[PDB]
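Chemist: Quick one: this structure, given as C-alpha cells, is what I'll be asking you about.
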Amino acid sequence: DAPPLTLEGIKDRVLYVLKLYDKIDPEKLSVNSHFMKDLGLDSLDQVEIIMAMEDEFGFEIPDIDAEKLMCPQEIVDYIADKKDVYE
Amino acid sequence: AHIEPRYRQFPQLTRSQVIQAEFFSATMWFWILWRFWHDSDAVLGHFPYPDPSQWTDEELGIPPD
Amino acid sequence: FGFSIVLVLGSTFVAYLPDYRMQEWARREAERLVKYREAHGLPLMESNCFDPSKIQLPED
Amino acid sequence: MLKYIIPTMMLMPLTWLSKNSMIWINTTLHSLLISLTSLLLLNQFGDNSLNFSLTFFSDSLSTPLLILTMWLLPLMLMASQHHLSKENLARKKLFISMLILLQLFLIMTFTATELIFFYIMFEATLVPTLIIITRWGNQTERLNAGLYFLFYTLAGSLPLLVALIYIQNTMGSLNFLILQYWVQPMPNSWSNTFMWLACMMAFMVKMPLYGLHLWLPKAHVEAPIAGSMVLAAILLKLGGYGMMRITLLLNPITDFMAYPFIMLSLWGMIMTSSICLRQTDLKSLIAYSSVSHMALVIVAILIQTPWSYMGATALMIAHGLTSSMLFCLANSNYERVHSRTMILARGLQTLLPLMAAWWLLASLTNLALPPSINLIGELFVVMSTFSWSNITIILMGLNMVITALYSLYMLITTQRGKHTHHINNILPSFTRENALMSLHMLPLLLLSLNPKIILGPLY
Amino acid sequence: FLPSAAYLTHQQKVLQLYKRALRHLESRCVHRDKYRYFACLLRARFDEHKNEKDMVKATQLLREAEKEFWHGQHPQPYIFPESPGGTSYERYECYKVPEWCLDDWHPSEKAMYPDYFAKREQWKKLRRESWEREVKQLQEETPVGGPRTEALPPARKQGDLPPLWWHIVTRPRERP
Amino acid sequence: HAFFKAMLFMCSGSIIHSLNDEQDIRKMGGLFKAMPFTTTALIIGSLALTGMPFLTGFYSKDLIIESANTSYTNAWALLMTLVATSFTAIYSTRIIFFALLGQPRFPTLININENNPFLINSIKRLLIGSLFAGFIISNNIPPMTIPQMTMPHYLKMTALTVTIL
Amino acid sequence: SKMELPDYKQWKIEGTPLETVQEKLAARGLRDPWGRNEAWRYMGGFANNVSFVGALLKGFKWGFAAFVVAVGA
Amino acid sequence: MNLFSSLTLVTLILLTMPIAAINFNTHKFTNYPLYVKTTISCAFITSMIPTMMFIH
Amino acid sequence: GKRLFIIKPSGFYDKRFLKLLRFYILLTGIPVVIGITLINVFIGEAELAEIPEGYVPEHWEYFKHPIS
Amino acid sequence: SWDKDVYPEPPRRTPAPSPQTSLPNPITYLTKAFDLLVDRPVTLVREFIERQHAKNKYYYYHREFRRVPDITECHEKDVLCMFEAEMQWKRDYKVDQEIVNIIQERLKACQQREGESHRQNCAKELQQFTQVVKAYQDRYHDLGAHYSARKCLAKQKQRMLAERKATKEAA
Amino acid sequence: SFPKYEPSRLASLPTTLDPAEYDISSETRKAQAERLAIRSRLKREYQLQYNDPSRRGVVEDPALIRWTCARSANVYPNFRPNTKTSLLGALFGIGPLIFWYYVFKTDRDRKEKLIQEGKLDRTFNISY
Amino acid sequence: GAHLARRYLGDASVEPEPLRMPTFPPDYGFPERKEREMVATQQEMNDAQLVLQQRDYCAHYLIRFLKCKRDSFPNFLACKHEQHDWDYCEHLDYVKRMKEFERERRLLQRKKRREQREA
Amino acid sequence: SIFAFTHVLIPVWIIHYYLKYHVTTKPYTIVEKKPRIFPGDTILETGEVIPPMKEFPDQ
Amino acid sequence: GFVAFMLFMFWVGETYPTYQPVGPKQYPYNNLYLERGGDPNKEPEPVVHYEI
C-alpha cells in the first residue's frame, strides 16, 4: 500500500496549504518567493509553517535544516529528498 | 474497479461492505434479544434465592432452656 | 563420499543394529521371568539377591 | 582398532608421495573412508565392553568419542584451506601430516590398556598441537599462548605419572579390568588426600577448571582453526574421559575432599558466564562458553550418579560438535573481514542469507535446542545435582539464563541490525562453508534422533 | 552538536524550545480545536516579553522557561512513525540492500538484466573518470589546512560533478 | 478469549495497516463511517469485552466472578477483581471513543479502504464465531465442578453492576 | 498521477467549534487564528457522529422487526 | 478406535508436509500461502470430527 | 516502469549449494529407502519360535531384523 | 503376541448404543464411510504382505544361559571366577530394571483404564508396585556409579547385619 | 516551581537545563570551534578514504583497534597491587565462595544426618 | 455478606466460624429427625464414571442427565428439564446447608448467651 | 481434486496402517479411558441390563 | 511503597478470609471413604450426618 507522488502535485499541495494560511495573500503566491525578502513574516511563523508541513507529511525535518528552507521551492526539494519520488 | 483516492473528502463506500457491516451488527442485536428472552433469566438463574434460613428460633431443633 | 555414501549409510546402520545392552533380549527375559514367578505364586523380585543361608556374617 | 590404527600409519605417506594438486583429494577421501571404517566399530553389547587384545579395549564411553574424533578429522582437513593455499607445498604436507599424527595419538589415547599408556599418549596428544598453533598462530602472542599451554598442561599433568607408578607398585598391574576388580577403599589418611589431589588436579588442569583456565582463551584466539577445534573438542573432552576412567578407584574419600572442587566449578561457571556476557573479540566467546560447559561437566563427574555420567558424556559430545561448528563460523567471519572483533562486522542478514540459518542453528545448539543432545546433557546433570543437593538448582538455572543470554547476544551482535555499508569486500557465501556446516549439523540431528549411542557405559 | 557551526544561536535555542513545546503540546492535547486554542495561547505567551533587547534577563527568563517546560512536558510524546524511537525507523531495512553489492552476481543473472547493468557500467565509468585529478585538486588545494566545516564546495568552476558525490547520490531509496 | 482477541487484534491491525501505520491513539479519532466493516468489528469486540449480557464473554468471565465471590477467597482479591473489571470496562469505552467517534484526525492524501475478500471473510467468520461458538462450547460439556448457582442479592447481578457503573 | 484539486476558498470557515475559538481568541485579544485548517475535518460527510449509546443502538434497524417476528413465530 | 486415533495423529501429521516441501523445492513457488491456508483448513476439517466423537 | 529495480543480494551460490545437496542426497535417498522397502515387504522380518530340543544355533538367528 | 496372564487386562465392558435420536447420526455414516474407504485398502495391502511373509521363514531365538556359581564362592582374587559371577550379576541387575519397568507400566495402564476412579481397581497393582519398589530401594539404590557387584554385596551384608542388631536389641 | 531534576548515573540530565549553555564566553566558543575543527578533520579524512572507486578493502579504523587492544591486552600493564584493590578482590572472589560453601555444609549435614536417622521421604526415591 | 463484617467487628463466640463447623452434637434441640435416604446405589455410583466431589446427594438426577445427554447427542438442546431438576435438587441441598448454618448460629447464640450472661 | 485427494487420504492411509498392526503388536500401547455405563444401560458384547434405580419421590 | 502496600493488604486478606452462610459438604459415605485413601478392610468407621 504505497501510492507514489508527483512533483507537480506536491508543489500544488504545498502551495494549497500555504494559501489556506492567513497572513499571506493568494494574489502573489509564488513558489519562487522567499519569506524574509518580500513577505516579511516572522521566523516564528516560518517555523509554524514548517510544523504545518510536517503535520501534513508525517515526519520531522531537523533543526539544521529548519534554519535554511526560507522558500517553498526548497521545501518541495527537501520533501523530495525524504520521500524520493523521481519518476 | 477497486478504490480511487480523494483529497479531504468523505470516502466512497460500496453498498456491499456496508450492508454486511449493518447485517453483522443487526445479527448481534437479534441474537442478544432472542437470547435475553428465550431461556434466561441470568440475573436470577432460574432460582428465587430464599431468605436467610428461616428467620426462626424454636424450629429445626434448638432448646429454649 | 561424505553424504551419499557416508551419511545415509551410517544413518541406516545406526537406525537398526543388534541392540545395545541386550535390550530386547532383556525385555523378553523379564517377561519370561515375571510370568514364571507369577505362575509359581511367590512375589516377583524376591529381595536379598544373595542367599542369606549362604552367608557368613561376622558377629559382634 | 589396530585395523583403525594401521590405516592412519598408511595415511601419512599418502600426503608425502602424492603430487601437486593431488594430496588434497586423496587425504580428504581416505580419511572419510576411515570415518566409515570406524563407523563399523559399535559392536558393544551387554555385560562388558568390546575388548580385544593386551593392546586394545573399547568402552561405550570411548566409542562415541573415538567416532567423533575420526569424524572430526576430514571436516577439519577440508576446513584448513584458504590460509595455507599461498604457502609452500612442503610446509602444507608438514601441516597435514602433523594433523594425521595428532589423530593417531588421539586414537592411541582413547584405546589405552593401562593408564601408563594413557599418560604417554596423553602428552603425545599434547605435543603436536603446540607445533600447529605456533607455526600458524597468525597473531603476535602465539608465543605466549603456546608457552602457557605447554607449561600448564605439563606441570599440572606431572604428578599424575608419579601417582600412577605408585598405584602400579601398590596394587599390581594397571589394566582397567583388574583395577575394576581389585579396587578397595583407601580411607582418610593424608597421603590418600595428596594422591587423589594429584590425579584429579592433573585432569582438572586438562579440563580446565576455573582456577587456571587462563591458558584457554589465548589458545583459541591465537590459534588456527584446525588446532582450535582439535584443542577444544578432543582435548578437553579427552580430559573428561580420563577423569571418568581414573575416578573408579579412590571412592571412600571423595565425600571428604570433593566439596571445594564443586564449589570452584559452580561459582566459576557463574563468573565465566558473567565475563563472556560483555567481552568483544567474538572468537573468545566460544572459548568462555567451553569453560562454562566443562565446568558443568566437572560438576557432573564429581557427583557420582549414573544419571550424572550419562548426562556428562552427552554434554561432552554435544559441546564438542557445537563448539567446532561455532569455531568454523568465527573462521568464516574472519575470512570475510580481517577483524576478529565483535562490533565491526555487522548486518549479514541481507548479505549471506543462508549463513543466517547456520548462525541461528549454532546459537540454538548453545541455547539448549529442546530435543538436542546439549539439553539432554544439561537436563540430566541438573537432575543428578538436584538429587545431590536441593539448593544448587539456583546456580544451574542462573547459568541457564545467562547461557541463553550470551548465546543470543553473540547472535544479534554480528548478524542483526545494520550492515555497516563501508566494508565492501565480502565475497558471497562459498559452497565450502555451507558444505562444512552440513557436515557439522546433520550428524548432530541424527544423534538427536536416536541418542542411545551417545549415552555412556551406564546406559 | 551540528555539522556546520559550533553553537546554535540564542534565537535557535528559543526556536527549538518552541518546536518541542508545540510538539509536546500536540501530544498533551487531543481534539485539535482546544489544541488550536492553546497553541494561540502559547503564541501569545511568547508575544508577552518577546521584543526586549536585554541579554542577561533574556537568558534568565529562558532558563526559567526551560524549568517550567521540563515540568510541563508530556512523558510519551506523539512522535511520528518515521522518527527515531518511533514506529518505522528503517521498517523496510530488510530490503535496503546496499549498492556496492550486485557486482557479485553470476553473469547468467547479468544476462537476465542487460540494460540496467550496462547503464550501471557507464555510471561506474562516470564515477572513475571524474575522480582523481579535479575532485582531489579541490579537496587538497581549495580549503585551508584546517577544514573547519563538514560541508564541501561544489565543482563550481568548470567541469565535472561536485566532489564526494558517490555514496550520497548513489544511495538506496529508503522505501522498496 | 482466544476467538475474541484474535478477532480484535485482526480488526485493529486492519485499521492501522489501512491507515499508513499510525497505530497511535494520538491522531486516531474519527473513524466512525470511515469504512463501516471494521467499525462494526471493533464495536462487537469491545462490547463483548466484559460480557454484555448475555453473550460468549458473559459466560466465562461471569462464571469466574460468581465462583470467586462464592468461595473462601482472600477478601482482597475480590476487591481487586471488582476495581479491575470496572477499569477494563472504562478503557473499553475509551478505546471505542478514541478509535471511532471523534473528529477524523489523520493527514490528507487518504488511503481509506478495506476492500479485500480475504479480510472480509476473515473478520466475517471470526465475528460469527464470536457470536455463537462460546455458547456452543459452554453448553455441550459435562460439568466437572459443582456449580454454585445459588447466590444472594448483589452477588450474581454484581458483574452487570460493575460493568454499568 | 492526477488529483483534480478540490480547491481552496471552499470552507468560509463556518465550523461552530472554530467559531467559538475565534470568539474566545478575539475576546482575549489576539485576532489571528491559523486559518480554516480543520473544516475538512469538520464537514463533508462529517459534522455529525453517532452517539456513544448509538454505537450500541446501531443494530436495531433489522433487529427489532426480526426479533418480534421470531417471537411471534 | 482406529478412526479416532488415526484422525488425531493425522491432525498432527498434516502440519509437517509444507516445511519439508519448500526445503525440497529447489524451484520457485507462487501459491505457497494458498497451500498453507488450504492445509490449515484441511487440519480443521479433520480435527472437527474427534471432538464430536468425544462428547458423543 | 511501475516495477522498480528490486535489489536482492545474490541467489546463485545458495541455489547451487541446495541443488547439489538435494541431488547428492537424492542419489542415495531413493535407492536405500527402496531397498529397505523391498526388504521389509518381500523377505520378511522373522518369526517367534524357540530353540528346539537339544540344538545349537549360531550367533545370528537371534535377531528380528534380517538386515540386522 | 503377548501373554495376557503376564500383561493383565480387564475385559471389554462394551455398552450398547441407544438412540432416541432422529437427526440421524452423522458419525455412523462417517465411520461406515471410513471403513469402506480406509479398511479394505489396508486389508488388501496387509494381506499381500502376509503372503509375502508366508513365502519363507526366519526365526529369531532367545539366547539361553546357565548359572555360573556365585560371587561369594569366589576367593579374594579368583580372576576367572569374579568375571563370570559379576557379569551374571549385571544381567540380573538389568533384568530387574525391566521388572520395575513392567510393573510401572501396569500402574500407568491401571490409571488410564479407570479414569478418575483411582482408588478403585488399582489396589493389588499399587500394592505390588510398592512391594517391588521397596525391595529395589533397599537392594540396588544407594550405592554409586562404579558398582561391580561387590558394593551391592557389602550393602547386603551391612543391611542384614543392621537388621540382626535391630532384632537383637528389640528381642 | 520545580525540584531542578536531580540526575544520577542511571537517570541522565537533559540538554536544556545544563546550565553551561548560558554564559558561553569566547573561550568556550573557541573551544567548540576547535572541537568542530576536530570532527571536520576526521570526517574529511574518512570521506577521502571512503569514496574511492578503486578501493576494495575495509576502512581499518585505528580507534576501534586501539579500544580493542586497550581492552584486552593492555590491562596487565599497568598494574599495581593496592590494599583497597586487593581487599576488594578477596571479597569479590572468596566471599560468595565461602558463603555457598557454608550453605552446602548446612544442607549436606542436615540431609546426611536425616538419612542416618532413616526418616527420609524414600517411599520410592529411585532416580538418584 | 455483612455478617462477615459482624464477625470481624463483634465477638467471636456467637458468630459461627468456617472450617470448624461441627461444634455441638446433633439432635440437640430436635427429637429424632433423620432419614439420610441415599438411594444412589454406591456400586452403580462407581460404575458410572463420575468425578470426585460429585459423589453426593441428588446424584441420580445427574445420572438421568448424563444418560439423556448420551442418548440424545445430536439433539443439542434436549436435556433441560432434567438439568433444571438436578439444579433444583442441588438448590435444596444448598438450602439444607444454609439452614444447618444458621441453626448452629442460633444454637450457640441463644444457649451460650443465656447461660453465659446469667451463669 | 487429485491434489486434495492425496493430501487428505495418503497420511490417513499410512498412519491407519501404522496404528493397527505393528503398534498393537506392541502390547502396552494406546489405551482408552473406559466408556461409561449407567443403571439403564446394557452391555453390547456379553449382554445384561443393570437393574435401575428405585423410587424418586418428592422431587 | 506501592509494593509494600499491596503485599500488606495481601497479608491482611490472608488473616481475613471470605466466608458465606454455608455449612460444609455432607459427603454420604464416611467422607468418600474407599474413594479417598482406601483401606478396604482396615478401618470402617461409624459416622453419619443427621438431617436438619
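Chain labels run A, B, ... following the order of the C-alpha cells; each chain numbers its residues from 1, and ligands are numbered from 1 in the order shown.
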Chain L residues within 9 Å of chain M, counting only C-alpha atoms: which ones, as a list in words?
Modeler: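 Therefore, the residues near the partner are residues 39, 40, 41, 44, 45, 47, 48, 49, 50, 60, 63, 64, 66, 67, 85, 88 and 89 of chain L.
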Chemist: Among range 32-111 of chain E, which residues carry a DSSP assignment of alpha helix (DSSP H), reported as a ChimeraX atom specification?
Modeler: /E:33-48,56-71,107-111
Chemist: Kindly save the residues from that selection, with C-alpha atoms included, as a short mmCIF file (atom, residue, chain, number, x, y, z; two decimals), in the first residue's frame.
Modeler:
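Below you can see out.cif, which holds the result:
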```cif
data_model
loop_
_atom_site.label_atom_id
_atom_site.label_comp_id
_atom_site.auth_asym_id
_atom_site.auth_seq_id
_atom_site.Cartn_x
_atom_site.Cartn_y
_atom_site.Cartn_z
CA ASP E 33 -9.70 22.60 18.47
CA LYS E 34 -8.79 23.31 22.06
CA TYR E 35 -5.31 22.45 20.79
CA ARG E 36 -5.52 25.33 18.30
CA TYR E 37 -6.80 27.44 21.21
CA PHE E 38 -3.86 26.59 23.49
CA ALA E 39 -1.45 26.96 20.57
CA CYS E 40 -2.60 30.55 20.09
CA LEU E 41 -2.30 30.89 23.88
CA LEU E 42 1.35 29.82 23.73
CA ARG E 43 1.95 32.09 20.74
CA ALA E 44 0.65 34.95 22.87
CA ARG E 45 2.84 33.74 25.76
CA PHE E 46 5.86 34.19 23.53
CA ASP E 47 4.34 37.52 22.45
CA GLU E 48 4.35 38.64 26.12
CA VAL E 56 21.01 38.60 30.86
CA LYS E 57 17.27 38.94 31.55
CA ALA E 58 16.50 37.18 28.25
CA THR E 59 18.68 34.16 29.05
CA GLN E 60 17.48 34.10 32.68
CA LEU E 61 13.80 34.04 31.76
CA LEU E 62 14.68 31.50 29.07
CA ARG E 63 16.18 29.30 31.80
CA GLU E 64 13.05 29.67 33.92
CA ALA E 65 11.03 28.83 30.80
CA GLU E 66 13.11 25.66 30.42
CA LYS E 67 12.44 24.76 34.06
CA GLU E 68 8.69 25.24 33.77
CA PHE E 69 8.81 23.40 30.43
CA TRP E 70 10.58 20.34 31.82
CA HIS E 71 7.84 20.35 34.41
CA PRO E 107 26.64 -13.48 -15.21
CA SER E 108 23.59 -15.58 -16.13
CA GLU E 109 21.71 -13.15 -13.90
CA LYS E 110 23.50 -10.43 -15.84
CA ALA E 111 22.02 -11.93 -19.00
#
```
Chemist: Please determine the contact residues of chain G with respect to chain B at a cut-off of 6 Å, counting only C-alpha atoms, and supply them as number ranges by chain.
Modeler: G: 40, 44-45, 59, 62-63, 67
Chemist: What would the file look like if the residues just selected were written as a tab-separated table (two decimals), in the first residue's frame with N, CA, C and O atoms?
Modeler:
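Output (part-v8.tsv):
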```
chain	number	residue	atom	x	y	z
G	40	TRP	N	-12.26	20.72	6.72
G	40	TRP	CA	-12.36	19.43	6.06
G	40	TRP	C	-12.47	18.31	7.07
G	40	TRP	O	-13.03	17.25	6.76
G	44	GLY	N	-18.50	17.80	5.33
G	44	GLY	CA	-18.42	16.89	4.20
G	44	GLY	C	-19.50	15.83	4.29
G	44	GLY	O	-20.69	16.14	4.18
G	45	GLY	N	-19.10	14.58	4.49
G	45	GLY	CA	-19.97	13.59	5.08
G	45	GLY	C	-19.91	13.62	6.59
G	45	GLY	O	-20.55	12.83	7.28
G	59	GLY	N	-27.77	-1.37	15.74
G	59	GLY	CA	-28.24	-2.65	15.24
G	59	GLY	C	-29.73	-2.92	15.16
G	59	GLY	O	-30.13	-3.91	14.55
G	62	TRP	N	-32.63	-3.70	11.65
G	62	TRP	CA	-33.09	-5.02	11.28
G	62	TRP	C	-33.43	-5.85	12.52
G	62	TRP	O	-34.09	-6.89	12.39
G	63	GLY	N	-33.04	-5.38	13.70
G	63	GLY	CA	-33.11	-6.18	14.91
G	63	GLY	C	-34.49	-6.33	15.53
G	63	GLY	O	-34.91	-7.46	15.80
G	67	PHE	N	-36.75	-9.69	15.46
G	67	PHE	CA	-36.94	-10.26	16.79
G	67	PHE	C	-38.41	-10.48	17.11
G	67	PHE	O	-38.79	-11.55	17.59
```
Chemist: Write out as a list in words which residues come within 9 Å of residue 157 in chain D when counting only C-alpha atoms, dropping same-chain ones fewer than 6 positions away.
Modeler: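 Using only C-alpha atoms, the neighbours found are residues 119, 123, 198, 199, 201, 202, 203, 205 and 206 of chain D.
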Chemist: Next, dump the selected residues to file, keeping only N, CA and C atoms, as a PDB file, in the first residue's frame.
Modeler:
```
ATOM      1  N   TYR D 119      48.771 -42.171  29.738  1.00  0.00           N
ATOM      2  CA  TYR D 119      49.519 -40.957  30.043  1.00  0.00           C
ATOM      3  C   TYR D 119      50.532 -40.634  28.957  1.00  0.00           C
ATOM      4  N   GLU D 123      50.300 -37.042  26.816  1.00  0.00           N
ATOM      5  CA  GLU D 123      51.217 -35.964  26.464  1.00  0.00           C
ATOM      6  C   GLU D 123      51.708 -36.072  25.022  1.00  0.00           C
ATOM      7  N   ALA D 198      46.477 -35.185  43.392  1.00  0.00           N
ATOM      8  CA  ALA D 198      47.396 -35.234  42.258  1.00  0.00           C
ATOM      9  C   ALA D 198      46.679 -35.651  40.984  1.00  0.00           C
ATOM     10  N   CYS D 199      45.994 -36.799  41.027  1.00  0.00           N
ATOM     11  CA  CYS D 199      45.339 -37.320  39.824  1.00  0.00           C
ATOM     12  C   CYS D 199      44.213 -36.402  39.356  1.00  0.00           C
ATOM     13  N   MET D 201      43.754 -33.306  40.116  1.00  0.00           N
ATOM     14  CA  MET D 201      44.233 -31.975  39.776  1.00  0.00           C
ATOM     15  C   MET D 201      44.847 -31.948  38.387  1.00  0.00           C
ATOM     16  N   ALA D 202      45.534 -33.029  37.997  1.00  0.00           N
ATOM     17  CA  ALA D 202      46.048 -33.127  36.632  1.00  0.00           C
ATOM     18  C   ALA D 202      44.916 -33.070  35.615  1.00  0.00           C
ATOM     19  N   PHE D 203      43.850 -33.824  35.864  1.00  0.00           N
ATOM     20  CA  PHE D 203      42.781 -33.763  34.874  1.00  0.00           C
ATOM     21  C   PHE D 203      41.939 -32.491  34.988  1.00  0.00           C
ATOM     22  N   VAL D 205      43.311 -29.606  35.464  1.00  0.00           N
ATOM     23  CA  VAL D 205      44.084 -28.711  34.612  1.00  0.00           C
ATOM     24  C   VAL D 205      43.783 -28.986  33.148  1.00  0.00           C
ATOM     25  N   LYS D 206      43.554 -30.252  32.811  1.00  0.00           N
ATOM     26  CA  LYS D 206      43.239 -30.544  31.418  1.00  0.00           C
ATOM     27  C   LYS D 206      41.846 -30.055  30.995  1.00  0.00           C
TER      28      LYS D 206
END
```
Chemist: At a cut-off of 9 Å, using only C-alpha atoms, what residues contact range 81-89 of chain J? Leave out same-chain residues fewer than 5 positions from it and give the result as a list in words.
Modeler: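 The neighbour list is residues 46, 47, 48 and 181 of chain D; 67, 68, 69, 70, 71, 72, 73, 74, 75, 94, 148, 149 and 150 of chain J.
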Chemist: Dump N, CA, C and O atoms for the selected residues as a PDB file, in the first residue's frame?
Modeler:
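Now in again-v1.pdb:
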```pdb
ATOM      1  N   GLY D  46      25.826 -55.451  26.138  1.00  0.00           N
ATOM      2  CA  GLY D  46      25.509 -56.092  27.397  1.00  0.00           C
ATOM      3  C   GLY D  46      26.456 -55.966  28.565  1.00  0.00           C
ATOM      4  O   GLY D  46      26.637 -54.894  29.148  1.00  0.00           O
ATOM      5  N   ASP D  47      27.078 -57.095  28.884  1.00  0.00           N
ATOM      6  CA  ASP D  47      27.763 -57.259  30.157  1.00  0.00           C
ATOM      7  C   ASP D  47      29.076 -56.486  30.199  1.00  0.00           C
ATOM      8  O   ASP D  47      29.355 -55.774  31.169  1.00  0.00           O
ATOM      9  N   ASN D  48      29.888 -56.597  29.159  1.00  0.00           N
ATOM     10  CA  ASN D  48      31.198 -55.970  29.160  1.00  0.00           C
ATOM     11  C   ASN D  48      31.348 -55.045  27.958  1.00  0.00           C
ATOM     12  O   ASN D  48      30.429 -54.858  27.161  1.00  0.00           O
ATOM     13  N   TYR D 181      38.326 -54.785  39.143  1.00  0.00           N
ATOM     14  CA  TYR D 181      38.050 -55.876  40.068  1.00  0.00           C
ATOM     15  C   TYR D 181      38.862 -55.815  41.356  1.00  0.00           C
ATOM     16  O   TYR D 181      38.447 -56.415  42.352  1.00  0.00           O
TER      17      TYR D 181
ATOM     18  N   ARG J  67      23.753 -71.172  34.907  1.00  0.00           N
ATOM     19  CA  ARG J  67      24.031 -70.445  36.142  1.00  0.00           C
ATOM     20  C   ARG J  67      25.472 -70.729  36.547  1.00  0.00           C
ATOM     21  O   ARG J  67      25.771 -71.778  37.126  1.00  0.00           O
ATOM     22  N   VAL J  68      26.360 -69.802  36.219  1.00  0.00           N
ATOM     23  CA  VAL J  68      27.693 -69.773  36.830  1.00  0.00           C
ATOM     24  C   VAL J  68      27.539 -69.534  38.328  1.00  0.00           C
ATOM     25  O   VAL J  68      26.596 -68.830  38.735  1.00  0.00           O
ATOM     26  N   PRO J  69      28.415 -70.127  39.201  1.00  0.00           N
ATOM     27  CA  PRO J  69      28.005 -70.414  40.591  1.00  0.00           C
ATOM     28  C   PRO J  69      27.595 -69.250  41.485  1.00  0.00           C
ATOM     29  O   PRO J  69      26.414 -69.157  41.838  1.00  0.00           O
ATOM     30  N   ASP J  70      28.509 -68.326  41.774  1.00  0.00           N
ATOM     31  CA  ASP J  70      28.310 -67.338  42.827  1.00  0.00           C
ATOM     32  C   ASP J  70      29.505 -66.399  42.820  1.00  0.00           C
ATOM     33  O   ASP J  70      30.572 -66.734  42.305  1.00  0.00           O
ATOM     34  N   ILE J  71      29.311 -65.220  43.405  1.00  0.00           N
ATOM     35  CA  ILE J  71      30.439 -64.368  43.747  1.00  0.00           C
ATOM     36  C   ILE J  71      30.963 -64.681  45.152  1.00  0.00           C
ATOM     37  O   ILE J  71      32.163 -64.536  45.409  1.00  0.00           O
ATOM     38  N   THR J  72      30.108 -65.174  46.053  1.00  0.00           N
ATOM     39  CA  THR J  72      30.565 -65.492  47.398  1.00  0.00           C
ATOM     40  C   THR J  72      31.379 -66.772  47.437  1.00  0.00           C
ATOM     41  O   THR J  72      32.107 -67.000  48.409  1.00  0.00           O
ATOM     42  N   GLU J  73      31.263 -67.609  46.414  1.00  0.00           N
ATOM     43  CA  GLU J  73      32.073 -68.807  46.282  1.00  0.00           C
ATOM     44  C   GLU J  73      33.397 -68.546  45.580  1.00  0.00           C
ATOM     45  O   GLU J  73      34.200 -69.473  45.433  1.00  0.00           O
ATOM     46  N   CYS J  74      33.651 -67.314  45.155  1.00  0.00           N
ATOM     47  CA  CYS J  74      34.958 -66.924  44.647  1.00  0.00           C
ATOM     48  C   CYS J  74      35.825 -66.444  45.806  1.00  0.00           C
ATOM     49  O   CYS J  74      35.323 -65.925  46.804  1.00  0.00           O
ATOM     50  N   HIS J  75      37.138 -66.598  45.656  1.00  0.00           N
ATOM     51  CA  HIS J  75      38.076 -66.180  46.695  1.00  0.00           C
ATOM     52  C   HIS J  75      38.361 -64.690  46.567  1.00  0.00           C
ATOM     53  O   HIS J  75      37.659 -63.946  45.877  1.00  0.00           O
ATOM     54  N   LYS J  94      20.033 -55.765  35.177  1.00  0.00           N
ATOM     55  CA  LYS J  94      19.281 -55.186  34.069  1.00  0.00           C
ATOM     56  C   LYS J  94      17.910 -55.835  33.919  1.00  0.00           C
ATOM     57  O   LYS J  94      16.919 -55.148  33.611  1.00  0.00           O
ATOM     58  N   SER J 148      30.495 -52.915  40.844  1.00  0.00           N
ATOM     59  CA  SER J 148      30.888 -54.078  40.058  1.00  0.00           C
ATOM     60  C   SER J 148      29.982 -55.258  40.382  1.00  0.00           C
ATOM     61  O   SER J 148      29.208 -55.668  39.519  1.00  0.00           O
ATOM     62  N   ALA J 149      30.058 -55.828  41.583  1.00  0.00           N
ATOM     63  CA  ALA J 149      28.918 -56.418  42.275  1.00  0.00           C
ATOM     64  C   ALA J 149      29.157 -56.259  43.761  1.00  0.00           C
ATOM     65  O   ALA J 149      28.249 -56.412  44.582  1.00  0.00           O
ATOM     66  N   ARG J 150      30.409 -55.965  44.099  1.00  0.00           N
ATOM     67  CA  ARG J 150      30.887 -56.138  45.460  1.00  0.00           C
ATOM     68  C   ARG J 150      30.369 -55.045  46.370  1.00  0.00           C
ATOM     69  O   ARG J 150      30.236 -55.256  47.581  1.00  0.00           O
TER      70      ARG J 150
END
```
Chemist: Report as an NGL selection string all protein, DNA and RNA residues lying within 10 Å of residue 45 in chain N, evaluated on only C-alpha atoms, omitting residues in the same chain fewer than 5 positions from it.
Modeler: :N and (29-30 or 33)
Chemist: Give the answer as one residue: which of J:159, J:53, J:168, J:106 has the shortest atom-to-atom distance to chain M, using only C-alpha atoms?
Modeler: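 Counting only C-alpha atoms, the residue closest to chain M is J:106.
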Chemist: Name the residues in contact with residue 11 in chain M at a cut-off of 8 Å, using only C-alpha atoms, excluding same-chain residues fewer than 6 positions from it; report them as JSON, numbers by chain.
Modeler: {"H": [10, 13, 14]}
Chemist: What's the separation between CA of residue 36 in chain N and CA of residue 35 in chain L, in Å to one decimal place?
Modeler: 24.5 Å
Chemist: Using only C-alpha atoms, I'd like a table of the residues in chain D that come within 10 Å of chain J; for each, show the closest atom pair and its distance in Å rounded to one decimal, ordered by chain and ascending number, as CSV.
Modeler:
```
residue,atom,partner,partner_atom,distance
D:46,CA,J:91,CA,7.8
D:47,CA,J:87,CA,5.4
D:48,CA,J:87,CA,7.4
D:177,CA,J:83,CA,9.6
D:178,CA,J:79,CA,8.0
D:180,CA,J:148,CA,7.4
D:181,CA,J:148,CA,7.4
D:182,CA,J:77,CA,7.9
D:183,CA,J:148,CA,9.9
D:247,CA,J:146,CA,8.7
D:248,CA,J:146,CA,5.9
D:249,CA,J:146,CA,8.7
D:251,CA,J:146,CA,8.8
D:303,CA,J:145,CA,9.5
D:304,CA,J:145,CA,5.8
D:305,CA,J:145,CA,5.3
D:306,CA,J:145,CA,5.3
D:307,CA,J:145,CA,8.9
D:308,CA,J:145,CA,9.1
D:309,CA,J:145,CA,8.2
D:458,CA,J:145,CA,7.8
```
